[PDB]
Amino acid sequence: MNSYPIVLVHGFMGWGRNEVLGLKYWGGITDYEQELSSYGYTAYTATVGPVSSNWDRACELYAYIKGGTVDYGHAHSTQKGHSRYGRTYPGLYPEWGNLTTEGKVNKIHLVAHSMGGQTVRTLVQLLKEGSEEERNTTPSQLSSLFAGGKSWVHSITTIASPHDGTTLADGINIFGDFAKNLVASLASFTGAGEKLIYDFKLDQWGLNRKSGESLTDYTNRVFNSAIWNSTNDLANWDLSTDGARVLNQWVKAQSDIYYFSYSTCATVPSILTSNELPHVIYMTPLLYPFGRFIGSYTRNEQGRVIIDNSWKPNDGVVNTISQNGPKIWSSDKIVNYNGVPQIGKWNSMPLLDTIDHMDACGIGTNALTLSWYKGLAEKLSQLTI
Ligand SMILES: [Zn+2]
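So the authors' numbering is basically just the index in the sequence shown, starting at one, shifted up by 15.
What follows is the structure in structure tokens.
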């Protein structure tokens with residue numbers, strides 16, 4: 016069968032287990048990761064920059080899993096204006112990619128939500144073929160990620176992911192409004208207020224919280240920065256229809272990886288339940304204005320992705336049409352899941368209807384259950400070598 020562990024990868028504005036006390040990104044007030052492990056399905060939780068680029072998140076992901084210090088790359092860092100080196104991690108799974116005594120390879124299943132879907136596609140692209148750019152120009156001490164030849168991932172499951180981007184990020188200004196409100200929403204919903212533990216992890220830009228700085232001031236200083244308009248190396252570019260398109264050109268479906276994609280769609284009500292993330296201004300559900308914005312945004316400009324009525328359905332954060340797999344500037348094959356997993360292609364699962372964006376990772380009035388994720392892990396462990 017299969018005994019590869021599961022590594023969970025949060026999306027846009029996602030947070031790690033040591034942050035936002037009282038609310039797990041994966042499961043809300045249930046710890047899905049630990050429950051899955053208690054059922055015998057080993058699961059780990061990776062943490063990456065809630066608003067960094069996919070390239071940056073992919074590098075953080077490699078280090079977070081394998082172990083070591085984050086290397087954004089010699090070439091990439093310089094071209095974008097980074098710190099080349101990031102944080103250092105013990106590693107969730109140090110033996111990742113090794114061989115057993117019997118010479119089998121230690122692979123993992125990547126399960127990703129939202130932007131994480133893009134991130135892990137990027138990770139496997141770097142695993143398999145590294146970066147020719149980095150291998151050429153690097154003095155010494157190059158990051159192992161960029162070598163290539165590493166087949167360490169067995170499957171990729173993406174949930175509510177913007178494989179063709181989101182019109183939420185095309186609106187530019189509403190991207191920052193969404194970010195600010197999500198933090199504000201978390202602080203209210205947990206009761207943490209200004210003492211909420213949340214970090215944007217932008218130290219490679221020098222944008223780390225100062226001492227004695229309030230969460231609110233820290234948040235505003237981050238998204239009022241000039242960086243957002245000057246670089247194309249942040250989430251706001253990669254989440255757009257324009258940037259995702261670009262990513263799609265060079266991040267391709269690998270041959271030896273099973274791909275599963277789940278799609279979400281919802282109309283968010285205006286009435287607020289105590290069971291969901293609130294909008295701190297409107298006293299509606301958090302996703303209410305964003306769902307309406309996306310559902311009414313169209314665009315017919317030359318040179319950009321044409322955005323028509325088929326783009327209006329969404330889950331409050333991501334257009335539904337964008338989630339079955341990368342289509343735009345992509346050659347990835349997308350297939351309807353028949354019951355037999357087809358390797359090398361995207362197995363597009365039946366639509367998760369009336370599931371909004373936060374529902375999908377376990378938070379909300381229609382949250383995917385612990386039992387649902389148990390079902391997913393079972394499926395992933397039934398995949399043959
Ligand atoms: Zn970068």
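Virtual Cβ for every residue (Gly too), placed ideally from N, Cα, C.
Counting every other CB atom within 10 Å of its CB across the protein chains shown gives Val355 a total below 16, marking it as exposed.
Partner residues in the beta bridge of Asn329, as assigned by DSSP, are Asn334.
When only Cα atoms are considered, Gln357 and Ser337 end up about 20 Å apart. With respect to the C-alpha of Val24, the residue from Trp252, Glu228, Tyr213, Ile174 having the closest C-alpha is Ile174.
Here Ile187 is exposed, its C-beta having fewer than 16 other C-beta atoms within 10 Å. When distances are taken from the beta-carbon of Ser68 to the heavy atoms of ligand 1, the shortest one is below 7 Å. Sequence-distant Cβ neighbours of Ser203 in its own chain, meaning closer than 8 Å and more than five residues away, are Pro293, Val295. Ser98 is a Cβ neighbour of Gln219, given a cutoff of 8 Å. Going by DSSP, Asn151 is part of the alpha helix (DSSP H) stretching over 147-151.
It is roughly 32 Å from the alpha-carbon of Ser170 to the alpha-carbon of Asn290. Between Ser278 and the set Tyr213, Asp271, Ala184, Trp361, the nearest pair of CA atoms involves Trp361.
With respect to the 8 Å criterion, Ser325 and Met16 are not classified as neighbours on the basis of their beta carbons.
Partner residues in the beta bridge of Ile322, as assigned by DSSP, are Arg314. Look at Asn223 here: in three-state DSSP terms it is coil, with no helix or strand label. Proximity of the region 197-216 to the region 364-372 falls short of the contact definition, fewer than three beta-carbon pairs being nearer than 8 Å. In the three-state DSSP reduction, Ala184 falls in the helix class (H, G or I). For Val168 against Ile123, the beta-carbon gap comes to about 6 Å, under 8 Å, which counts as contact. For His124, the enclosing beta strand (DSSP E) starts and ends at 123-128. In the structure shown, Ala259 adopts helical secondary structure according to DSSP, grouped into three states. In the DSSP assignment, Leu395 falls outside any beta strand (DSSP E) and lies within the alpha helix (DSSP H) extending over 385-395. For the options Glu149, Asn69, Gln140, the alpha carbon positioned closest to that of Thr93 is the one of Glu149.
Listed in chain order, the non-local C-beta contacts of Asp271 below 6 Å within the same chain comprise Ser166, local neighbours out to five positions each way being set aside. Of the heavy atoms belonging to ligand 1, at least one sits nearer than 7 Å to the Cβ of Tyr87. Cβ contact annotation for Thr45 (same chain, cutoff 6 Å, sequence separation greater than five): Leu385, in chain order.
Distance between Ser229 and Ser345, taken at the CA atoms: about 43 Å.
Separation of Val120 and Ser159 (C-alpha to C-alpha, rounded to the nearest whole angstrom) is 17 Å. If you check the CB distance, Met28 and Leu141 do not come in under 8 Å. Collapsing the DSSP output to three states places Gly163 in coil. Across the structure, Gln49 and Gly180 are spaced so that their CA atoms are roughly 31 Å apart. The Cβ atoms of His128 and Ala382 lie no closer than 8 Å to each other. In this structure, ligand 1 has a non-hydrogen atom nearer than 7 Å to the beta-carbon of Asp248.
With a cutoff of 8 Å on beta-carbon distance, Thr57 and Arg32 are scored as not near each other. C-alpha of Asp185 to C-alpha of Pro105: approximately 37 Å in a straight line.
Under the rule that a run must span 3 or more residues, the beta strand (DSSP E) segments found entirely inside the region 51-101 read 58-61, 83-86.
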